[PDB]
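**Q** Input: one structure, supplied below.
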Amino acid sequence: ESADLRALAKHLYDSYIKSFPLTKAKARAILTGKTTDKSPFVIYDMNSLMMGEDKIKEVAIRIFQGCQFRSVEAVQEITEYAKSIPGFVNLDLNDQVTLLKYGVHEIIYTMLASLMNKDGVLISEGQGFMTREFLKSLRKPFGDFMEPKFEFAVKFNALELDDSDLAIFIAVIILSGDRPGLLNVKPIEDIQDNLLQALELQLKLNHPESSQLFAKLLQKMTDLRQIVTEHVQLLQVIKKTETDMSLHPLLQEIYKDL
Ligand SMILES: CCCCCCCCC(=O)O
Ligand SMILES: CCCCCCCCC(=O)O
């Protein structure tokens, strides 16, 4: 019923606020220059990066490892959020692991869009702002790492979704019954059905003007999956070229293998 869907929407949003310290509302307040929030230190070159360390191996590797640490933190936040989705903790333990293993990256890039604009990305809980041009200036293959994410974010941000919309969308992503190696797909699809229903009512009530936003949002999955596929290919290159560079155990378990 409609009231039950509104209740599910409210639960997920409340639960999202508790799991993710830097929301899209806080991120937009920082980027647009609002009084609810302070201005970030901008990193656009090597000098601002060095000063930035004071305010906030080689440069390219150091930045990459910084992104790897934030990814670990994000995985932790997503795992805590997943546990609050009704029915998730009641699923087979191997399926819970499988849903998180494949789901987190898709959620990482969805939530990364909230911290981005066409010019750059908010870093270290919004204290910093690293420019896109600087990240693109990095030596190969590191220069190519964030560019497809910026390309996705520009398109995704045009949908003008808020945190309450994103809370249900990332729940829908987690409960994907088409992940490889799942043992019981039906209770997963059963939860996703209710999540899809809650998302549809949320988008119709929150964005009444925005025609077919529901379909438009579900279409963004292809782009998300593609981002994930490309990202995986890029780490394989690094693994072979930078044999002294170590990847966090949590990330190693998620990445190998997809
Ligand atoms: C809680 C999900 C937030 C995504 C931000 C993680 C950024 C990861 C990266 O720089 O690649
Ligand atoms: C020397 C660290 C360079 C920072 C790379 C980006 C880190 C992302 C973050 O702090 O959220």
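Using Swiss-Prot numbers, chain A covers 235-290, 303-504, in order.
For all residues, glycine too, the Cβ spot is worked out from N, Cα and C.
So Swiss-Prot lists the following for this protein:
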type	residues	note
BINDING	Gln314, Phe315, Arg316, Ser317, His351, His477, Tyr501	rosiglitazone binding site
CROSSLNK	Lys252	ubiquitin cross-link
MOTIF	495-503	motif '9aaTAD'
**Q** Reduce the DSSP letter at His351 (rosiglitazone binding site) to three states and note it down.
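**A** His351 (rosiglitazone binding site) sits in a helix per DSSP.
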**Q** Since 12 residues are absent from the deposited coordinates between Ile290 and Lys303, report the CA-CA separation in Å as an integer.
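**A** What separates the two Cα atoms is a distance of 19 Å.
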**Q** In sequence order, which same-chain residues at least six apart have a C-beta under 8 angstroms from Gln314 (rosiglitazone binding site)?
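**A** Looking at Cβ-Cβ distances below 8 Å from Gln314 (rosiglitazone binding site), excluding near sequence neighbours, one finds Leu493, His494, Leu497.
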**Q** Are there any residues in the same chain, six or more apart in sequence, whose C-beta is under 8 angstroms from the C-beta of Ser317 (rosiglitazone binding site), and if so which?
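**A** Listed in sequence order: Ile354, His494, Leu497.
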**Q** With the cut-off set at 10 Å between Cβ atoms, which of these recorded positions ends up with the most neighbours? Options: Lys252, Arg316, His351, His477.
**A** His351
**Q** Around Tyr501 (rosiglitazone binding site), which residues of its chain at least 6 apart sit with Cβ under 8 Å of its Cβ?
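**A** For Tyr501 (rosiglitazone binding site), the qualifying residues are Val478, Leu481, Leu493.
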**Q** Going by DSSP, is the residue listed as 'ubiquitin cross-link' part of a helix, a strand, or coil?
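**A** The residue in question, the residue listed as 'ubiquitin cross-link', is helix (DSSP, three-state).
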**Q** Just checking: which of the binding-site residues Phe315, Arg316, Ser317, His351 have a C-beta under 6 Å from ligand 1?
**A** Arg316, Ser317
**Q** Work through the binding-site residues one by one (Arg316, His351, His477) and name whichever has its CA nearest to the CA of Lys252 (ubiquitin cross-link).
**A** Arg316
**Q** Near ligand 2, which of the binding-site residues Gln314, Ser317, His351, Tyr501 are found, taking a Cβ distance under 6 A to any of its atoms?
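**A** The binding-site residues passing the 6 Å Cβ test: none.
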**Q** Count the residues of the motif '9aaTAD' (495-503) that DSSP assigns to helix (H, G, I), to strand (E, B) and to coil, and report the three numbers in that order.
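**A** So the counts come to 7 helix, 0 strand, 2 coil.
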**Q** According to DSSP, folded down to helix, strand and coil, what is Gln314 (rosiglitazone binding site)?
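**A** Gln314 (rosiglitazone binding site) sits in a helix per DSSP.
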**Q** What count of other C-beta atoms do you get within 10 angstroms of the C-beta of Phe315 (rosiglitazone binding site), across all chains shown?
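**A** Looking across every protein chain shown, the total is 11.
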**Q** For the rosiglitazone binding residues given in the record (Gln314, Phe315, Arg316, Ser317, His351, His477, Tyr501), what is the largest pairwise C-alpha separation in angstrom?
**A** 16
